[PDB]
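Reading through the structure tokens given below for one structure.
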Amino acid sequence: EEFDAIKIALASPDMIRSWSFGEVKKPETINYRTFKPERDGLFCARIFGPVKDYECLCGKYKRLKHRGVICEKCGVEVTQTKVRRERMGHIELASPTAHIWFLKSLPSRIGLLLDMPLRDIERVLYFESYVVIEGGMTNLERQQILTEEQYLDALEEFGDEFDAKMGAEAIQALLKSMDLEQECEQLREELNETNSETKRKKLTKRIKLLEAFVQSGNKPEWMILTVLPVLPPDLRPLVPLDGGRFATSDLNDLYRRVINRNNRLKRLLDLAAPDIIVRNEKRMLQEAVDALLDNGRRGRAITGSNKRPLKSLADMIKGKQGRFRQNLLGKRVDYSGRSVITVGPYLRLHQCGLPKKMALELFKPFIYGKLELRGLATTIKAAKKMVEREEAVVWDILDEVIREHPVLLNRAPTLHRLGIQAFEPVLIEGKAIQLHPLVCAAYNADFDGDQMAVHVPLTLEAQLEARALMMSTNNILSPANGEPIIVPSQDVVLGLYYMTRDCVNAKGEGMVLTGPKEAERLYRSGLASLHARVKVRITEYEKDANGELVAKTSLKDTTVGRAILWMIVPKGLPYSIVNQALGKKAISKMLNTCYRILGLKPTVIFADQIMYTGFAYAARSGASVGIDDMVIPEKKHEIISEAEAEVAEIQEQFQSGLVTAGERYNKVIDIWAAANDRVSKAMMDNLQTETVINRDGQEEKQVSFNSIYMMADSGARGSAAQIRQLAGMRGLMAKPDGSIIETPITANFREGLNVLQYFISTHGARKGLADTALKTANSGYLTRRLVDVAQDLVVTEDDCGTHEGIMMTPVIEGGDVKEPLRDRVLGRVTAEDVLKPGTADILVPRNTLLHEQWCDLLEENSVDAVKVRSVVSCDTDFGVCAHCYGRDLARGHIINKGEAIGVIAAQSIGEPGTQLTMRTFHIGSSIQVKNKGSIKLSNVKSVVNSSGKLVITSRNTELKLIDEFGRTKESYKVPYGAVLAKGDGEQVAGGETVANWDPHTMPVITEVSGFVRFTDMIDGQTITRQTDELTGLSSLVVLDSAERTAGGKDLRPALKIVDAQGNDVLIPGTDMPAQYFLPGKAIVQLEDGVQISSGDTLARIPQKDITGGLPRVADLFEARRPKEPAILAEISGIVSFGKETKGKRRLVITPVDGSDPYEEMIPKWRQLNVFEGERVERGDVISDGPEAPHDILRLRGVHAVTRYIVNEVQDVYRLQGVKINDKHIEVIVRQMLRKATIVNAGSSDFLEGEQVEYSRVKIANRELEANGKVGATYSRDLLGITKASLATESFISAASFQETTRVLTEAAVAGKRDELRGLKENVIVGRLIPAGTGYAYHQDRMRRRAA
Amino acid sequence: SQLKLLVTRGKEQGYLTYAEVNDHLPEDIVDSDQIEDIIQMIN
Amino acid sequence: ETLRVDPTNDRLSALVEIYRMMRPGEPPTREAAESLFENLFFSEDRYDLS
Amino acid sequence: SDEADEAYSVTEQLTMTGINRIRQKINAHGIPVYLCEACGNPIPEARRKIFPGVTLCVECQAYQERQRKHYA
Ligand SMILES: [Mg+2]
Ligand SMILES: [Zn+2]
Ligand SMILES: [Zn+2]
Ligand SMILES: [Zn+2]
């Protein structure tokens, strides 16, 4: 039963009879005395099969041989009882009735199929109003509805050759009487004649609809049910509960209602009651059926004997409890269990502990097989009695079934794909699943009672997958970045940080050791402390040769602690890794270097050795905490007195009327936070270097061994903040409003907290609780929304064969380089070959997996940008090629073929999202180069003024910082015309200012140096009588529109530049003469009568928050256009103004010669950051503010918007300090911008202004232009995830996460032969997933098909 | 037309309220069944 | 400024407006509106601040 | 981690952002103003000493804070 694609379509009546097994006729269900089923009601025997397997109803035939024969006495086909679960019987609805889905779906299926508004349909259905059905040709339009009196007259009007009905009979007559080819011809006609873009838009839309509805196999009248199938008997049971009370489903109730009303309508018809009776009955049957299907869209549900609305057939499919989401994805699972997890440090990391009793309950079938194999029980029942006695030998047999059999261990929320790891088992007394310790960071599981669940893999493919893909020691690299996720967490790092430190005068000072071995032989015997500085003879193995390991003895100058740590470090590492303090960051980059050098096996065995030695020496430290350990600063009482006197100052000054209440409140809170930081610093400097001890001499100070300080220094727990609260004062509790209270807590936890202070603490404490209660209950919404859009994406080609990637460089935000290049070109594969700055070479071939060796080379040669291939430009059809996704993975090699990267991408973006603030959250005029290094200017348009200084005449000149290496060390964004000092590509000195300009006011500095006059500057019309009138500064400043006359609005405010006589020199290069025109508020200072210098401020024109929560990421991927959209250029050419101030002033930009006429309407309440006489490049900042990603995509291109999104969301993470590699965001973007639009179809067959997705149109024009024909222009779109997931080739998928009803009905009318080959699809229909191991299988079926 | 102004406000503001819709609605119907229908339509 | 918005002028017009706002389409009437506004908030029957 | 420690980090975020918002409001840096930026009145030099760079008087400051109480 390897069937095919599934197929959906309308439910043709005779089809509904072929589904039948005999008409249901009566509303009975069972017999109230003998609980056999009455014949024939919702239940039956002859209709829906026998009750008991192979047994008649009356009981004539009761043997397997008699299967098939229908008993002559009660016609019950003696067959299995599961046939009671597959037979559908039908009802013969006397009058027809309208299917509610094809009536009230939203856009009415019948509405836009009959070309008729909905209210008239409700009229004809509920008998509001008559309606014509083929009224012939005398007077009446076909759809022309009527009312009572009008039909009464018209019967006198045209009693003959006339046809008017009302009820479902009417809609069915219309639909049947309709002929669709006629309407296609008529609609193509009015597409021809009626040339109105709105008009023929909707015209061609409806013709699209009708041609679709024709090219299905459907017929238009199948939407109006005549025959209505009953669900079987066993999907809506009538279970006998204990006590005679039966607990039936609700569909029995609804069908009972519908069968009642149908029979009653038939009974009314036999009598021929007056028309009010039959009309009310047909309405009742309509409501009954409409409540059967959906029990909604009708206005008011019909609740059962409860007050709770009774569920219905459109409601057993829908919801988070319908079969899709609740029983086709979340299903219970045999062979599972659970328990309280626990600690268990005696384990290698590839084996979870496990109880004897959970084992002997999970592996009963395995035990039974083995026990009938070793002849310890001849029959299986004997083996059951044995293993239920818990005898001696079933423990031996269980240890022989649990040798290599990996159990999957899961935790409650499984966010990221390390959440479900397998292990081997190790049988254990007890009932706690003794988990390993290291893996707890991965599960995110402390041991406060958390309960992990164990599954069991039954088959043999599943065992090889629970060993070769999900074993514990094959997922130590976090899927979201290469760093190991086996970071030693809390007791282990405190053990090492106590082990490898150095106190100044311990036993065994300075004595040399012959190696690590006698370092341990000294420590254990006690002749010398664990840490006291000591020469040893280590022997580190560096492996610079090709795979070699060149020994090199020496005498490193170390402690005993580092040396005894050295006996565990494997070969390839160098000794300078364990000679330092070994905090948490260093002890984790120990493992990181181990994995980057020696592969995976030594890193695994080394992480285990680290945990063992860490626990051992952490226990030997006796690292206890006691109440003498939290030292208060003795300079605390002074600081608190001093600040509590400064508040006295502000109180006295407030009651002198010098500062408002807001100001004194702010100043108070400012002096308290200052006292807080001072007291915290004082404690931390009484705490860190506090210990003072003495080597054979006077005294000396060192880092302390105050237990709380080691616990705060290692990285084990806490930090300087919690150490503040334990010793120094604890800040200012912030009341949950967000406003910070002004009464600080001058006490701390070593002291008490009197009643007020503790209580004020309560506010912020309970706000923290009330947020981490909403976060744990809404934690996976983002991963859910991403794997909805980015799921069916599978790395299904070895090499797409392109040369087009995105250019990588180190981000620099006007300062110290945030993210270098070795963190961004680490894994991705180059696009075009890389040339050392002389080109000198061919440094790296274009298809080289840039592992750390190649980053070594790139950082040895100082490469600045590496055009690397990227997921968003892969040229694969339904997939993403092998290389272009790069390499990143829990492994370290190139991504395999098929490994479902959409899911692990969405999870790389969604599991750290737990580690981000759920509330959104806002952080809040000269350039100063850092150090030595030359200056680098891009897009610089400078003028060599007669003054000497440098000024930029280009809007977008970036001020970089290059060295003699050539690297880009710093970059700064010069505003327009900043006063510049040094050279363009020249050398400067470190820490030296090089650029100054006007902070708020915009210079208009001239182009060349020539004489000056004025044009069209008449005061009152274009200019105003401005002057710094104490100085004589005649300023006839340009008048705005509200002060310029209505002809003044037709005037041109101007600044003419005259040559030496009265003419105007051409602008250099162009032929626009020498002058500058200016807008309103182009504040003029000087006048006609001076020769200008380059850099003349001819005018004076006046004039960042980073949300960092998770909701900033949600809105980034939603791609919502912001509030103030950054107005942006549209055509690369000269700028100008348009129709002046029709509410929104109109810009006008013009190219050299081409399609010039683009004018744009702008709310003139906002600055226009463009000149009036310039050539705005396409994709250029006319205005400011956040720029909409759609505009990026439409103006600049793909790679621009993708670099935008990745840098924006990377800002949102690395603000909080969370690492996530950019493959994942780029793949979610490649799922974002999937759809497309068309400009000119041309040699293809897509509608011009139609929206179609990129893969389809791209294969279409690729194969066409592969021919001799011509392609098709397409303008790429960009959808939010919540809308870019909203389109899906399958409907079985889109029936899960979208709202089910719209999906089902749209597919149903469209007759959409949904294939398989998704992942939601196959996980629903329960065959092999085509993602991981299943991919080869699906290639098998692909070969089967098409041959 | 004003109910169309309710429509545009629901578009912009991003939500509505029982008070908002009950403000903009067409007077003189108030059966509370037409109301529940129209509220389901605005949903 | 609310008086600016206030269309109605005297007691009769206000009572009529309140009466039509309480129940739609019910024609306005003198004693009708008067009893309606007397029983909105001011009679023992339908209104009792405990 | 625990259901308390997450709450600790969230409360620290909340109080930090509050305190930084109210340190940002206080000026303590700028050029002396010598007179109101709204009404032109003089700012007495004692108040300027208390806050370097007070763009307002006490009267206009109170008025502006008082309109802003209604948050408009
Ligand atoms: Mg827990
Ligand atoms: Zn029989
Ligand atoms: Zn590719
Ligand atoms: Zn003032």
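Note on naming: chains are A, B, ... as they come in the structure tokens, residues start from 1 per chain, ligands start from 1 in the order shown.
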
Margin query: Give me the residues near residue 802 in chain A as a count of residues only, where near means some atom within 10 Å (using only C-alpha atoms) and where sequence neighbours in that chain fewer than 4 positions away do not count.
Written below: 8

Next item on the list: Pick out the residues no farther than 12 Å from ligand 2, counting only C-alpha atoms and all ligand atoms, and list them as a PyMOL selection string.
Entry: chain A and resi 39+45-46+49-51+54-62+69-78

Take the residues that were just selected and, keeping N, CA and C atoms, output them as a compact mmCIF listing (two decimals), in the first residue's frame.
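Result file again-v3.txt:
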```
# COMPACT_ATOMS: atom_id res chain seq x y z
N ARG A 39 -32.07 -1.70 14.10
CA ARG A 39 -31.87 -1.58 12.66
C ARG A 39 -33.02 -0.84 11.99
N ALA A 45 -26.39 -3.21 12.06
CA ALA A 45 -25.57 -4.36 11.75
C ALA A 45 -25.47 -4.58 10.26
N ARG A 46 -26.58 -4.50 9.54
CA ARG A 46 -26.52 -4.79 8.12
C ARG A 46 -25.84 -3.68 7.35
N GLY A 49 -21.88 -3.35 9.29
CA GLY A 49 -21.14 -4.55 9.60
C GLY A 49 -21.48 -5.15 10.95
N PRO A 50 -20.88 -6.28 11.26
CA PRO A 50 -21.28 -7.03 12.45
C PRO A 50 -20.68 -6.45 13.72
N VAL A 51 -21.33 -6.76 14.83
CA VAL A 51 -20.85 -6.29 16.12
C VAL A 51 -19.66 -7.11 16.58
N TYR A 54 -17.15 -12.07 13.25
CA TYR A 54 -17.58 -13.31 12.61
C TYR A 54 -18.82 -13.87 13.28
N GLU A 55 -19.71 -12.99 13.72
CA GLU A 55 -20.93 -13.45 14.35
C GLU A 55 -22.09 -12.57 13.90
N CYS A 56 -23.15 -13.21 13.44
CA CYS A 56 -24.33 -12.53 12.93
C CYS A 56 -24.98 -11.69 14.01
N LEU A 57 -26.06 -10.99 13.67
CA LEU A 57 -26.77 -10.25 14.70
C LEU A 57 -27.74 -11.15 15.45
N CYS A 58 -28.65 -11.80 14.74
CA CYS A 58 -29.53 -12.78 15.36
C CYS A 58 -28.79 -14.04 15.79
N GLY A 59 -27.66 -14.34 15.16
CA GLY A 59 -26.82 -15.44 15.60
C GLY A 59 -26.94 -16.71 14.81
N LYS A 60 -27.43 -16.66 13.58
CA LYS A 60 -27.54 -17.89 12.81
C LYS A 60 -26.18 -18.44 12.42
N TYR A 61 -25.26 -17.58 12.00
CA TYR A 61 -23.98 -18.01 11.42
C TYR A 61 -22.84 -17.52 12.31
N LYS A 62 -22.07 -18.45 12.87
CA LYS A 62 -21.03 -18.11 13.83
C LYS A 62 -19.75 -18.92 13.62
N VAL A 69 -21.19 -14.73 3.85
CA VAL A 69 -22.61 -14.96 3.65
C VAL A 69 -23.41 -14.02 4.54
N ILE A 70 -24.36 -13.32 3.95
CA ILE A 70 -25.23 -12.42 4.70
C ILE A 70 -26.43 -13.21 5.20
N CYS A 71 -26.63 -13.19 6.51
CA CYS A 71 -27.70 -13.96 7.12
C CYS A 71 -29.05 -13.57 6.54
N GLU A 72 -29.83 -14.57 6.17
CA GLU A 72 -31.11 -14.34 5.52
C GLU A 72 -32.11 -13.67 6.44
N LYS A 73 -31.86 -13.68 7.75
CA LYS A 73 -32.82 -13.23 8.74
C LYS A 73 -32.60 -11.77 9.12
N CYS A 74 -31.35 -11.32 9.15
CA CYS A 74 -31.07 -9.91 9.43
C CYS A 74 -29.95 -9.36 8.56
N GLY A 75 -29.68 -9.99 7.42
CA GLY A 75 -28.84 -9.44 6.37
C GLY A 75 -27.49 -8.90 6.76
N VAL A 76 -26.96 -9.33 7.89
CA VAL A 76 -25.70 -8.82 8.40
C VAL A 76 -24.56 -9.60 7.77
N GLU A 77 -23.74 -8.92 7.00
CA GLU A 77 -22.61 -9.57 6.37
C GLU A 77 -21.63 -10.02 7.44
N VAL A 78 -21.61 -11.32 7.74
CA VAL A 78 -20.70 -11.83 8.76
C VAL A 78 -19.26 -11.63 8.30
```

Could you give me, as a tab-separated table, a per-residue list for chain A showing, wherever an atom lies at most 10 Å from an atom of ligand 3, the closest pair of atoms and their distance in Å to one decimal, using only C-alpha atoms and all ligand atoms and sorting by chain then residue number from low to high?
```
residue	atom	partner	partner_atom_place_in_ligand_line	distance
A:795	CA	ligand 3	1 (Zn)	9.4
A:797	CA	ligand 3	1 (Zn)	8.5
A:798	CA	ligand 3	1 (Zn)	9.1
A:799	CA	ligand 3	1 (Zn)	6.8
A:800	CA	ligand 3	1 (Zn)	4.9
A:801	CA	ligand 3	1 (Zn)	7.2
A:802	CA	ligand 3	1 (Zn)	6.9
A:803	CA	ligand 3	1 (Zn)	9.1
A:804	CA	ligand 3	1 (Zn)	8.7
A:805	CA	ligand 3	1 (Zn)	8.6
A:829	CA	ligand 3	1 (Zn)	9.9
A:831	CA	ligand 3	1 (Zn)	9.9
A:869	CA	ligand 3	1 (Zn)	7.0
A:870	CA	ligand 3	1 (Zn)	6.5
A:871	CA	ligand 3	1 (Zn)	5.6
A:872	CA	ligand 3	1 (Zn)	7.5
A:873	CA	ligand 3	1 (Zn)	5.9
A:874	CA	ligand 3	1 (Zn)	2.8
A:875	CA	ligand 3	1 (Zn)	5.4
A:876	CA	ligand 3	1 (Zn)	6.5
A:879	CA	ligand 3	1 (Zn)	8.9
A:880	CA	ligand 3	1 (Zn)	5.7
A:881	CA	ligand 3	1 (Zn)	4.7
A:882	CA	ligand 3	1 (Zn)	7.1
A:883	CA	ligand 3	1 (Zn)	6.5
A:884	CA	ligand 3	1 (Zn)	4.0
A:885	CA	ligand 3	1 (Zn)	6.7
A:886	CA	ligand 3	1 (Zn)	9.0
```

Those residues you just picked out, can you put them in a file as a JSON list (two decimals), in the first residue's frame with N, CA and C atoms?
```json
[["chain", "number", "residue", "atom", "x", "y", "z"],
["A", 795, "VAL", "N", 19.01, 19.43, 1.61],
["A", 795, "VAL", "CA", 20.21, 19.66, 0.83],
["A", 795, "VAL", "C", 20.34, 18.57, -0.22],
["A", 797, "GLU", "N", 21.49, 18.46, -3.62],
["A", 797, "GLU", "CA", 22.38, 18.46, -4.77],
["A", 797, "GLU", "C", 23.81, 18.56, -4.27],
["A", 798, "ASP", "N", 24.72, 17.93, -4.99],
["A", 798, "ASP", "CA", 26.11, 17.97, -4.58],
["A", 798, "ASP", "C", 26.74, 19.32, -4.90],
["A", 799, "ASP", "N", 26.42, 19.90, -6.04],
["A", 799, "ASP", "CA", 27.01, 21.19, -6.41],
["A", 799, "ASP", "C", 26.06, 21.89, -7.36],
["A", 800, "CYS", "N", 25.48, 23.00, -6.91],
["A", 800, "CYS", "CA", 24.55, 23.73, -7.76],
["A", 800, "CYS", "C", 25.23, 24.26, -9.01],
["A", 801, "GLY", "N", 26.53, 24.50, -8.96],
["A", 801, "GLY", "CA", 27.25, 25.00, -10.11],
["A", 801, "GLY", "C", 26.97, 26.46, -10.39],
["A", 802, "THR", "N", 27.38, 27.34, -9.49],
["A", 802, "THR", "CA", 27.25, 28.77, -9.70],
["A", 802, "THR", "C", 28.55, 29.45, -9.32],
["A", 803, "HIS", "N", 28.56, 30.78, -9.42],
["A", 803, "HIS", "CA", 29.72, 31.58, -9.07],
["A", 803, "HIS", "C", 29.31, 32.85, -8.36],
["A", 804, "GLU", "N", 28.17, 32.83, -7.69],
["A", 804, "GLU", "CA", 27.54, 34.06, -7.22],
["A", 804, "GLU", "C", 27.25, 33.90, -5.74],
["A", 805, "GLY", "N", 28.14, 34.41, -4.91],
["A", 805, "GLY", "CA", 27.88, 34.42, -3.49],
["A", 805, "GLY", "C", 27.85, 35.83, -2.96],
["A", 829, "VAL", "N", 31.82, 28.19, 1.74],
["A", 829, "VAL", "CA", 32.74, 27.86, 0.65],
["A", 829, "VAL", "C", 32.82, 29.03, -0.31],
["A", 831, "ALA", "N", 33.27, 31.66, -3.42],
["A", 831, "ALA", "CA", 32.53, 31.76, -4.68],
["A", 831, "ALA", "C", 33.45, 31.99, -5.87],
["A", 869, "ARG", "N", 30.28, 31.66, -1.23],
["A", 869, "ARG", "CA", 29.00, 31.18, -1.74],
["A", 869, "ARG", "C", 28.00, 31.06, -0.61],
["A", 870, "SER", "N", 26.73, 31.32, -0.91],
["A", 870, "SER", "CA", 25.76, 31.50, 0.14],
["A", 870, "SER", "C", 24.43, 30.86, -0.23],
["A", 871, "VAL", "N", 23.71, 30.43, 0.81],
["A", 871, "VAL", "CA", 22.49, 29.65, 0.62],
["A", 871, "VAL", "C", 21.46, 30.41, -0.18],
["A", 872, "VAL", "N", 21.46, 31.74, -0.09],
["A", 872, "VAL", "CA", 20.37, 32.51, -0.69],
["A", 872, "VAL", "C", 20.56, 32.73, -2.17],
["A", 873, "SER", "N", 21.67, 32.27, -2.74],
["A", 873, "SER", "CA", 21.86, 32.35, -4.18],
["A", 873, "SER", "C", 22.17, 30.99, -4.79],
["A", 874, "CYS", "N", 21.84, 29.90, -4.10],
["A", 874, "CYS", "CA", 21.99, 28.58, -4.70],
["A", 874, "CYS", "C", 20.97, 28.40, -5.81],
["A", 875, "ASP", "N", 21.40, 27.76, -6.89],
["A", 875, "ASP", "CA", 20.58, 27.64, -8.09],
["A", 875, "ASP", "C", 19.88, 26.29, -8.18],
["A", 876, "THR", "N", 19.40, 25.75, -7.06],
["A", 876, "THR", "CA", 18.77, 24.44, -7.04],
["A", 876, "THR", "C", 17.26, 24.56, -7.06],
["A", 879, "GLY", "N", 15.38, 22.69, -3.24],
["A", 879, "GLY", "CA", 16.49, 22.21, -2.46],
["A", 879, "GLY", "C", 17.57, 23.26, -2.35],
["A", 880, "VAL", "N", 18.70, 22.85, -1.78],
["A", 880, "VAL", "CA", 19.84, 23.72, -1.55],
["A", 880, "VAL", "C", 21.08, 22.88, -1.70],
["A", 881, "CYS", "N", 21.95, 23.23, -2.65],
["A", 881, "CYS", "CA", 23.00, 22.32, -3.06],
["A", 881, "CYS", "C", 23.94, 22.00, -1.90],
["A", 882, "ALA", "N", 24.81, 21.03, -2.11],
["A", 882, "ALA", "CA", 25.62, 20.54, -1.00],
["A", 882, "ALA", "C", 26.57, 21.61, -0.50],
["A", 883, "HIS", "N", 27.38, 22.18, -1.40],
["A", 883, "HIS", "CA", 28.40, 23.13, -0.97],
["A", 883, "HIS", "C", 27.77, 24.38, -0.38],
["A", 884, "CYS", "N", 26.93, 25.07, -1.15],
["A", 884, "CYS", "CA", 26.49, 26.41, -0.82],
["A", 884, "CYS", "C", 25.89, 26.53, 0.58],
["A", 885, "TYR", "N", 25.34, 25.47, 1.14],
["A", 885, "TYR", "CA", 25.03, 25.54, 2.55],
["A", 885, "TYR", "C", 26.28, 25.57, 3.40],
["A", 886, "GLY", "N", 27.41, 25.14, 2.87],
["A", 886, "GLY", "CA", 28.67, 25.27, 3.57],
["A", 886, "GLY", "C", 29.09, 23.95, 4.21]]
```

Check: range 13-16 of chain D: which residues within 12 Å, counting only C-alpha atoms, same-chain residues fewer than 4 positions away excluded, as an NGL selection string?
Finding: (:A and (669 or 673 or 721 or 730-742 or 744 or 761 or 763-768 or 771 or 916-923 or 1108-1109 or 1216)) or (:D and (6-9 or 20-23))

Checklist line | Sel. of helix (DSSP H, G or I) residues, range 3-39 of chain D, as number ranges by chain | finding: D: 5-25

Notebook entry, point to check: If we count only C-alpha atoms, which residues of chain B reach to within 7 Å of chain C? Please list them as a VMD selection string.
Noted result: chain B and resid 27 to 30

Next item on the list: Kindly work out which residues sit at most 9 Å from ligand 4, using only C-alpha atoms and all ligand atoms, and give the list as a list in words.
Entry: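 Those within range of ligand 4 are residues 35, 36, 37, 38, 39, 40, 41, 42, 43, 55, 56, 57, 58, 59, 60 and 61 of chain D.
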
Once you have the residues from the selection above, write them out as a short mmCIF file (atom, residue, chain, number, x, y, z; two decimals), in the first residue's frame, restricted to N, CA, C and O atoms.
```cif
data_model
loop_
_atom_site.label_atom_id
_atom_site.label_comp_id
_atom_site.auth_asym_id
_atom_site.auth_seq_id
_atom_site.Cartn_x
_atom_site.Cartn_y
_atom_site.Cartn_z
N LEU D 35 19.84 81.68 30.26
CA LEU D 35 18.46 82.14 30.14
C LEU D 35 17.61 81.00 29.61
O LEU D 35 18.12 80.08 28.96
N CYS D 36 16.31 81.07 29.89
CA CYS D 36 15.39 80.02 29.50
C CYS D 36 15.43 79.79 28.00
O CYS D 36 15.71 80.70 27.23
N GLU D 37 15.15 78.56 27.59
CA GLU D 37 15.02 78.25 26.18
C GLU D 37 13.58 78.29 25.72
O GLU D 37 13.30 78.05 24.54
N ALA D 38 12.65 78.60 26.62
CA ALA D 38 11.25 78.73 26.28
C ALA D 38 10.76 80.17 26.42
O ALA D 38 10.27 80.75 25.46
N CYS D 39 10.92 80.76 27.60
CA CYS D 39 10.36 82.07 27.88
C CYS D 39 11.40 83.19 27.84
O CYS D 39 11.01 84.36 27.90
N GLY D 40 12.68 82.87 27.75
CA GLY D 40 13.70 83.90 27.73
C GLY D 40 14.13 84.40 29.09
O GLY D 40 15.09 85.17 29.17
N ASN D 41 13.46 83.98 30.17
CA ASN D 41 13.84 84.42 31.49
C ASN D 41 15.25 83.94 31.83
O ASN D 41 15.79 83.06 31.17
N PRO D 42 15.87 84.54 32.85
CA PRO D 42 17.21 84.09 33.26
C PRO D 42 17.13 82.88 34.16
O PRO D 42 16.24 82.76 35.00
N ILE D 43 18.08 81.97 33.99
CA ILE D 43 18.27 80.85 34.90
C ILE D 43 19.26 81.29 35.99
O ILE D 43 20.42 81.55 35.66
N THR D 55 18.62 73.48 30.14
CA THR D 55 18.07 74.25 29.04
C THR D 55 16.85 75.06 29.43
O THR D 55 16.41 75.90 28.65
N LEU D 56 16.29 74.84 30.62
CA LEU D 56 15.05 75.49 31.01
C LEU D 56 15.23 76.22 32.34
O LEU D 56 16.23 76.08 33.03
N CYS D 57 14.23 77.02 32.68
CA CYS D 57 14.15 77.59 34.01
C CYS D 57 13.58 76.52 34.94
O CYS D 57 13.51 75.35 34.58
N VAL D 58 13.19 76.90 36.16
CA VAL D 58 12.44 75.95 36.97
C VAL D 58 10.96 76.01 36.63
O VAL D 58 10.26 75.01 36.70
N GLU D 59 10.48 77.18 36.22
CA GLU D 59 9.07 77.35 35.90
C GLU D 59 8.71 76.57 34.65
O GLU D 59 7.79 75.76 34.65
N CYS D 60 9.43 76.83 33.56
CA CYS D 60 9.17 76.12 32.31
C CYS D 60 9.44 74.63 32.45
O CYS D 60 8.73 73.82 31.86
N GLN D 61 10.46 74.26 33.22
CA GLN D 61 10.72 72.84 33.46
C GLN D 61 9.54 72.19 34.15
O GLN D 61 9.09 71.11 33.74
#
```

Next item on the list: Fewer than 6 positions away in the same chain doesn't count, so skip those; otherwise give me all residues within 10 Å of residue 973 in chain A, counting only C-alpha atoms, as a ChimeraX atom specification.
Entry: /A:813-814,927,937-938,955-960

Check: Within 7 Å of ligand 1, counting only C-alpha atoms and all ligand atoms, which protein or nucleic acid residues do you find, written as a PyMOL selection string?
Finding: (chain A and resi 445-450) or (chain D and resi 1-2)

May I have a table of the residues of chain B lying at most 12 Å from range 296-313 of chain A, giving each one's closest pair of atoms and their distance in Å to one decimal, counting only C-alpha atoms, ordered by chain and ascending residue number, as a Markdown table?
```
| residue | atom | partner | partner_atom | distance |
| --- | --- | --- | --- | --- |
| B:32 | CA | A:299 | CA | 10.5 |
| B:33 | CA | A:299 | CA | 7.2 |
| B:34 | CA | A:299 | CA | 8.5 |
| B:35 | CA | A:299 | CA | 9.7 |
| B:36 | CA | A:299 | CA | 6.8 |
| B:37 | CA | A:299 | CA | 5.8 |
| B:38 | CA | A:299 | CA | 9.5 |
| B:39 | CA | A:299 | CA | 10.1 |
| B:40 | CA | A:297 | CA | 8.0 |
| B:41 | CA | A:297 | CA | 9.3 |
| B:43 | CA | A:297 | CA | 11.5 |
```

Next item on the list: In Å, rounded to a single decimal, give me how far CA of residue 340 in chain A is from CA of residue 396 in chain A.
Entry: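 Answer for the CA of residue 396 in chain A to CA of residue 340 in chain A separation: 25.5 Å.
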
Next item on the list: Measuring atom to atom with only C-alpha atoms, identify which of D:5, D:34, D:10, D:69 is nearest to chain A.
Entry: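 Under the stated criterion, the closest residue is D:10.
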